[PDB]
Amino acid sequence: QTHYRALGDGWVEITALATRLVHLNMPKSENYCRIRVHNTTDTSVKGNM
Amino acid sequence: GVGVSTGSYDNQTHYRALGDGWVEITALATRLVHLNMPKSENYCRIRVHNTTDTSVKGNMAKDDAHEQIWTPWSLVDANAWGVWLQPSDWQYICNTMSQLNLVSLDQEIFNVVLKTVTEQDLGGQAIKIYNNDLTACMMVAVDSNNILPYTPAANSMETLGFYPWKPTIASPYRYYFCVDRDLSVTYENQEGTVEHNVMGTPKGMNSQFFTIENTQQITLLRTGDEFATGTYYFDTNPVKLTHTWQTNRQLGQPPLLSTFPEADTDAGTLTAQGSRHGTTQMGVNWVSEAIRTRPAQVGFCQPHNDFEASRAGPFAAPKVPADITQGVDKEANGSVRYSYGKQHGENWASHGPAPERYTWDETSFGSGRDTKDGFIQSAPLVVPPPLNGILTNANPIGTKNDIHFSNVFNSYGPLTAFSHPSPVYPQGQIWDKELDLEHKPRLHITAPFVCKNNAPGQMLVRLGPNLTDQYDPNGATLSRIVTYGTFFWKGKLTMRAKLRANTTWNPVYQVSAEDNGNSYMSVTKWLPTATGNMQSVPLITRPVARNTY
Amino acid sequence: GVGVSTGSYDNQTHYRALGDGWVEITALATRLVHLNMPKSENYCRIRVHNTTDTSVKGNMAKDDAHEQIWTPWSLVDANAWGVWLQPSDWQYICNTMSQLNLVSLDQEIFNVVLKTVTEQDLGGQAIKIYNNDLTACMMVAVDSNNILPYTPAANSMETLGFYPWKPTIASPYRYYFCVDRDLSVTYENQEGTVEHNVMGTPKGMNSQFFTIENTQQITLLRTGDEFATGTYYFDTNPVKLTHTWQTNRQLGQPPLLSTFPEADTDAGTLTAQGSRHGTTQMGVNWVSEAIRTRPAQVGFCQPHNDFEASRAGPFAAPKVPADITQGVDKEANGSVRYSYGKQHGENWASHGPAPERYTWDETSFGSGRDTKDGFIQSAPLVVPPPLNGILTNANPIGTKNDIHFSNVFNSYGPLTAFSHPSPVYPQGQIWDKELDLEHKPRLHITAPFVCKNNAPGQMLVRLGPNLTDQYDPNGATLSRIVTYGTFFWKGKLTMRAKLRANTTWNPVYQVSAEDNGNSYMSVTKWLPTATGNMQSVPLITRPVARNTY
Amino acid sequence: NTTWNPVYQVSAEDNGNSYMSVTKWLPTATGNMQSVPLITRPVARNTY
Amino acid sequence: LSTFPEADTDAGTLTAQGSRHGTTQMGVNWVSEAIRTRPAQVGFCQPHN
Amino acid sequence: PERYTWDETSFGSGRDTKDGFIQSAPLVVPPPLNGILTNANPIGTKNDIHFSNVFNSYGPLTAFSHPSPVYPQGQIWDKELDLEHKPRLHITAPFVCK
Amino acid sequence: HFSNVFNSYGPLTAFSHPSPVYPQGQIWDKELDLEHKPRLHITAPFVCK
Amino acid sequence: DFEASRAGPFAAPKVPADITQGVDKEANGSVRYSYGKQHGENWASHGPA
């Protein structure tokens, strides 16, 4: 629920609440990996900076 | 003294949020009222009898024959919504608040000025000179006990002006005398003559001639004097700033769907009617949405344009305002037709003498009645009914084929629950006085805030008589030096409102001001033109929908 | 009462030395303001569209098409330096003090007089008679919360008069309406047509029509009443009454001289560049005064006469005022061109309708930019550069040979440290209101004292409406007895200054008044002529130089 | 509220080709919700 | 405004530019709405892409 | 995906690029052909690039408005960049945590 | 070229303070006596306030 | 950029930043120090440079 509370000389205290069901799947690998992205198919074409 | 001022111009509206979601609106209104001298210094019993209308056969609705006592006093009547609030204030209140209630009313008269006119030649063509009368006064009486008849000037569209920067005038006070009027009902070019078009003599039993001198406490005000009538505390009921949509076929639990739609286009079929649970009041062995038992009727049917007649002439019986349906007809549900002037909202660029009119369609969408699609079946329900088993809005009642059963059908009953009609912006009426009868109405369609205990005392002003040196009291001459006056009126209307609560997922309706175009809410209506011609068209009072049940 | 006065004329300036070298200047200003009745009693949205200028191709700078809401209220606007101080006071403050700061502002309205005019023949040719209205009032509202738009009358040269012995007038109040204006850029007698010269309708999103009746607390003032708005305490930053001279080639330690001059005529050679110590940012193996590393840039380059356009039409972007260099051009550094009238400093013997104009050349000699002598070399420094390795103020940008690189080059950066522009005497502007945006400007070029918290509330006066006996509110006639009024305005501006310190050996620059001649500071300008024709030309604000770094 | 005229407001319009029709913020027959952005600053204010 | 409009359609002409009071930063002997001196720039130009 | 261009509602800070122009240093209106630079003249030699593509006029007297928060697919807060001279604003979030 | 004239200092520009230089550096500096100071001095990292 | 305001042409100071893979040092304002034997020059340098 969101709760509006008018407190003082024209000041409202909005109290936003958010509850979700997060679905945590297992990781792809258990290692910290330094992956490199290099799209040569785009940047090899002249004019694609 | 004559050279010092006795008040302050104030026109601001002050919102004050106090407590758990309650705002205290403090509307202020100051005008410059222009009091002219009365037409005569006598109380006169004038009679209106339009024989040119009612002599024509078929004009019983065009009757306005009556008698009125015309007093020399003028009315400072301020119960209209446009006096106190600007259109931005009304838009913010109707969008942001959920209900409105009246609290109190202070009123004041200050900065009195009386001036007499004289003539000079200066070119051979005489001009007026407006001198100053430092000793002439004006008479003020507040009818706080309501001895005099309650005549609201919002009935005649004659209240204070709605634009604060323009000087306004005071409406003349007059009330109704009780004489008998009889008019014979006849239609258009009917063979025969009008039997009754008479009006009676004053009756000895019920004749009330009130004077304002014998009934009130009159304060004289010179140029240095002020008047202030104190805080009248209202005892009204709150009106709701949210509108309803649920009809009698949208109350309770919906029937559970047997099948569900696969795509976003098709519908979902319910349980078949012959094998469906629920309750009805008909004797058939099936339940349907039309004949399911509801808690209460939301809107009632009311007779269209019934002209009753009881010792005063034919008058149309008032209808409770409800929504106009998909069947667009506005007369059946009683949409009020306002006719106002340049002081109260007409565009000032209208050179014609015709007023500005507006039909107020009500936003109570569950109480509206569709007259062409209403029907009555026989006492045992056998659908599809035969020809002689159903009465629709095509069959003639009596012998008249222009009149159907919806014109005479009243279905107000014990389980009828309708909504209070919305306040109308600027050319509305704020409060009313409860009728002095033992069994009161449930509502007034002229005002949303009917005062339970006492109406606020209506203010009566006039100019004191300025006499010449020649004055014979037994001679009907009354030379009477031509005077007039201007004074300042300041009033404070306190209101209490509650803030709106947001429960729905979707964005709800709001009154937003649109761009310049053919739309109803273009900004160029609420902005002055090149010559400063302002205009006030009404605003929606109830934008946000609410749940009935 | 009507026969007693309610204030005192006061115009003196009181210097009070308090503390360790701090003077409390107490400037006082009293004028007789002449309030005439408004042209109309309506708020009107007037539109200006000079098609005779903008229809000619090449006249985008001559555009002044807009819309304004014209209020019936007049503005008592006092923020100009000539209102409070005489020229001797300004000369003493600018010579003797080192900085100036604003403290507080009291304002007052007293000795109200309202008079109505009438006609008499007396010779067959009618003359006016100015009677007295002891009961008519005038309306005063101070916008201390700044609801209304901030329109300084120092923009239109319409503030109070600068000569205390002459009666002055109040400027009419009006503000800007937000409509869209589009103008197509084209040069002189270009083949083709002007594609865009349109102006739009009012927009529903951003339209603000303010009335002064619904927003303010209006005090009515008769002949015996006074008004006094209390001490507004300023929260500004001090301006400095000393000027700077150090450019970017005069910051830090000078290079030590290898040889010294024998006589008083010859110069002293420094250490040779290839074998000189120091730091640079170029890659060359020598240090010089041009390429030596400085702490910060003192003046920045700014684009000359850039006409931007965003939903209102072409407007020139404002420049920070800096010194005009040995390269005398005044447009590049933004020397403000003032155009004022006889009430504000024009010689009264000028029978022509043309105003008195004056270019204010700034005295910030280190921040000035020389545009003909500016140049850009290639990224590795190789001096002397070839033709294709240098961009000077002769090369065409784009294809236009009338436009060079200095017209588009902006070099405002993080290490840019410029000086605040000096206040301008009499026809200046003292304070301003900070723009209601999240990221404010660092300075305002219209006023040296931008109020941090709230601007002082602008004072709005008008005459109360005097009506004849004939007044129809639904008829647009408004007969309106011809009245006017005069009142007295007294204000007190408190300032705090610091005394100057003398560190230099040589006599420093001072603003002295010279004898009668062709000089700019002859005394005969500040003295009345045989018929009493005074004149106020501006004075130098910052005579005494100071050290930047 | 200082201005005389009615100021701009974000109102939800009827089913049509408008940007603020209610049928975007209502689920369909199979429950397919949708969130398009809303205007953050409807009400104009005075800069200077 | 030097002149005011009579009807609701026409505009109102201001004081002529060569004989108008005010302040500018250009060297011309006339004041106009385009070249009038303002307190601050509201929007800045920024390099496209 | 679903795409949407967020047009800002700061109507005083907007720049009209076709109607922007630069005149020469002494103002002589109507200017000649070589005395005005409009949004039609080629900068460098490129006729697809005009002077508005390179013109930056951010200065000391520049006062713009903070960009509005975007509903649902906005971003509420951000982290201030760990540099000595911070930006005046973040265009990704209206509430930069101090 | 265009890089010789292009200034892109703007409101959303966040750069780093220049590092002190060993031995032949400069420790402190004096702030310039102007109303609108620079954000930094490139001669010294510690500008005395 | 060699600006000029009442004292002669002076180069405008740049904020020092990194020289990129595009090795040019003049664009980002790399400071060029020139010092002597008292401040860090090798004392075996017989030249006056």
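Residues numbered from 1 in each chain as written, not as in the entry; some residues may be left out. Chains lettered and ligands numbered in written order. Part of a larger assembly, values for the part shown. Heavy atoms only, no water.

- Method information in the entry identifies cryo-EM as the source of the structure, with 3.22 Å recorded as the resolution.

- The name given to chain E in the PDB entry is Capsid protein VP1, with Minute virus of mice as the source organism.

- If you look chain A up in the PDB entry, it shows as Capsid protein VP1 from Minute virus of mice.

1. Here's the deal with the overall build of chain E
- Helices and strands together make up the secondary structure of chain E, namely zero helices and one strand.
- Overall, chain E is about 50 × 30 × 15 Å in size when its C-alpha atoms are taken along their principal axes.
- Across the 49 residues of chain E, 51% fall into the buried class.
- Pairs at least 24 apart in sequence give 0% of the contacts found in chain E among residues at least 6 apart.
- Approximately 2100 Å² of chain E is accessible, and the part contributed by carbon and sulfur atoms is 50%. (Helix = DSSP H or I, 4+ residues; strand = E, 2+ residues; numbered from the N terminus. Buried < 20%, exposed > 50% of the residue type's maximum accessible area, 1.4 Å probe, protein only. Contact = heavy atoms within 4.5 Å. Areas by Shrake-Rupley, 256 points an atom, 1.4 Å probe, with all protein chains shown as cover.)

2. Quick notes on the interface of chain C and chain F
- Listed per partner, the contact involves 53 residues of chain C and 44 residues of chain F.
- Roughly 4300 Å² is buried in total at the junction of chain C and chain F, and carbon and sulfur atoms are behind 61% of that figure.
- Looking at the side of chain C facing chain F, the largest losses of area belong to C:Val185, C:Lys400 and C:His439, adding up to 16% of the total buried there.
- The interface formed by chain C and chain F includes one salt bridge.
- Residue C:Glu308 is joined to F:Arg15 by a salt bridge in which the shortest nitrogen-to-oxygen separation is 3.1 Å.
- Linking chain C with chain F are 25 residue pairs in polar contact.
- Those elements that place two or more of their residues in the side of chain C that touches chain F are strand 15 (306-309) and strand 16 (314-316) of chain C. (Buried area = accessible area lost by both parts, 1.4 Å probe. Salt bridge = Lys/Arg side-chain N within 4 Å of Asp/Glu carboxyl O. Polar contact = N/O pair within 3.5 Å; in protein donor to acceptor, adjacent residues only side chain to side chain.)

3. What to know about the pairing of strand 7 (residues 138-143) of chain C
Residue and element names in this part refer to chain C.
- Of all six residues in strand 7, six are buried, a share of seventy percent or more.
- Side chains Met138, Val140 and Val142 of strand 7 all project onto a buried face; the interleaved residues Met139, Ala141 and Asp143 project onto the opposite face, where all are buried too.
- Two elements, strand 7 and strand 23 (residues 458-463), share six bridges in a ladder whose sense is antiparallel. When the bridges of strand 23 are listed, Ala141 appears paired with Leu460. (Pairing = 2+ DSSP bridges.)

4. A few points about the nonpolar core
- If you look at the biggest cluster of nonpolar residues, it comprises 90 residues, and the most contacted ones within it are C:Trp84, C:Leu100, C:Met138, C:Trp431, C:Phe487 and C:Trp489.
- The dominant element in this core, judged by the number of residues it contributes, is strand 5 (residues 97-120) of chain C, at seven residues.
- Other than its neighbours up to four places away in sequence, C:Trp84 contacts C:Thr13, C:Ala27, C:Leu28, C:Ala29, C:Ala78, C:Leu105, C:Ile430, C:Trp431, C:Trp489, C:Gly491, C:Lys492 and C:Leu493.
- Counting residues in hydrophobic clusters, the runner-up holds 62 residues, among them B:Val83, B:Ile93, B:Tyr150 and B:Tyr232. (Core = buried A, V, L, I, M, F, W, Y, C linked by side-chain atoms within 4.5 Å.)

5. Structural notes on unusual backbone geometry
- Residue C:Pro384 is reached from C:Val383 by a cis peptide bond, and omega for that bond is -10°.
- Tracing the backbone through its elements, the reader meets C:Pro384 in the loop between strand 19 (376-377) and strand 20 (390-391).
- A cis amide bond links F:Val29 with the next residue in sequence, F:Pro30, at an omega value of -10°.
- As for its position among the elements, F:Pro30 is in the loop between strand 1 (21-23) and strand 2 (36-37).
- Phi at H:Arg6 is positive, roughly 60°, even though this residue is not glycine.
- Exposure remark for H:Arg6: the relative accessible area of 30% places this residue in the partly exposed category.

6. Things to note about helix 3 (residues 87-96) of chain B
Residue and element names in this part refer to chain B.
- Of all 10 residues in helix 3, eight are buried, a share of seventy percent or more.
- Taken residue by residue, helix 3 has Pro87, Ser88, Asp89, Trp90, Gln91, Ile93, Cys94 and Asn95 as its buried positions.
- In this structure, the buried residues of helix 3 make contact with strand 2 (14-17), strand 3 (22-36), helix 2 (81-84) and strand 6 (97-120).

7. So, the packing of aromatic side chains
- Under the criterion given, the structure shown has 55 aromatic pairs over all chains.
- Ring centres of B:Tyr232 and B:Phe234 lie 4.8 Å apart, and the angle between their planes is 75°; this geometry places the pair in the edge-to-face category. Neither residue differs from the other here; B:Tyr232 and B:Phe234 are each classed as buried.
- For the pair E:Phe44 and F:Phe64, a centre-to-centre distance of 5.9 Å together with 65° between the ring planes defines the contact as edge-to-face. Of this pair, E:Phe44 sits in the segment after strand 1 (22-24) while F:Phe64 sits in the loop between strand 2 and strand 3 (77-79), placing the two residues on different chains. Summarising the burial analysis for this pair, E:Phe44 and F:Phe64 share the class buried.
- Ring pairs connect the aromatic residues C:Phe300, C:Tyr412, C:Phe418, E:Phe44, F:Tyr58, F:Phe64 and G:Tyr9, which therefore count as one cluster.
- When the ring centre of E:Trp30 is taken as reference, the NZ or CZ atom of C:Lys62 above it lies at 4.1 Å. (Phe/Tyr/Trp six-rings, centres within 6.5 Å; stacked < 30°, edge-to-face > 60°. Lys NZ or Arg CZ within 6 Å of the ring centre and 35° of its normal.)

8. Description of the pattern of salt bridges
All names here are of chain B.
- All told, the structure shown has 35 salt bridges over all chains when counted by the stated rule.
- We note a salt bridge from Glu158 to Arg174, for which the minimum N-O separation is 3.2 Å. Here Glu158 is found in the loop between strand 8 (138-143) and strand 9 (168-169), whereas its partner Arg174 is found in strand 10 (residues 171-177), with 16 residues between them in sequence.
- Residue classification places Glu158 among the partly exposed positions, given a relative accessible area of 28%.

9. Structural notes on the interface of chain E and chain B
- The interface is formed by five residues belonging to chain E together with five residues belonging to chain B.
- Note on chain E versus chain B: buried area summed over both sides is about 320 Å², and carbon and sulfur give 46% of it.
- Where chain E touches chain B, the interface holds zero salt bridges.
- On inspection of chain E and its partner chain B, the count reaches four residue pairs in polar contact.
- A class-by-class count of the residues in the side of chain E that touches chain B yields two nonpolar, no polar and three charged. (Nonpolar A, V, L, I, M, F, W, Y, C, P; charged D, E, K, R; others polar.)

10. Examining the sheet that holds strand 2 of chain F
- The sheet built from four strands is open, its strands ordered 16(C)-15(C)-1(F)-2(F) with antiparallel pairing. Both outer strands of the open sheet, strand 16 of chain C together with strand 2 of chain F, are each paired with one neighbouring strand and no more.

11. Describing the arrangement of the chains
- Contacts between protein chains span 15 pairs of chains, and they are most numerous for chains C and F.
- A gap remains between chain A and chain E, which never touch, and the nearest two C-alpha atoms on either side lie 12 Å apart.
- There is a gap between chain F and chain H: no contact, and a shortest C-alpha distance of 12 Å.

12. Describing helix 3 (residues 87-96) of chain C
- Inspection of helix 3 of chain C places C:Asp89, C:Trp90, C:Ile93, C:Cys94 and C:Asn95 among the buried residues, and these make up the whole buried set.
- Close packing links the buried residues of helix 3 of chain C with strand 1 (14-17), strand 2 (22-36), helix 2 (81-84) and strand 5 of chain C.

13. Some thoughts on the sheet that holds strand 17 (residues 336-340) of chain C
- Strands sit in the order 18(C)-17(C)-1(E) across an open sheet of three strands; the sheet is antiparallel. On the outer flanks of this sheet lie strand 18 (356-360) of chain C together with strand 1 of chain E, each paired with one strand and no other. Mean inter-strand twist for the sheet, computed between neighbouring axes without regard to direction, equals 20°.
- In terms of strand pairing, strand 17 of chain C meets strand 18 of chain C through five bridges, oriented antiparallel. By the bridge assignment, C:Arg337 is partnered in strand 18 of chain C with C:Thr359. (Axes fitted to C-alpha atoms, helices over the stretch in contact; angles between N-to-C directions.)

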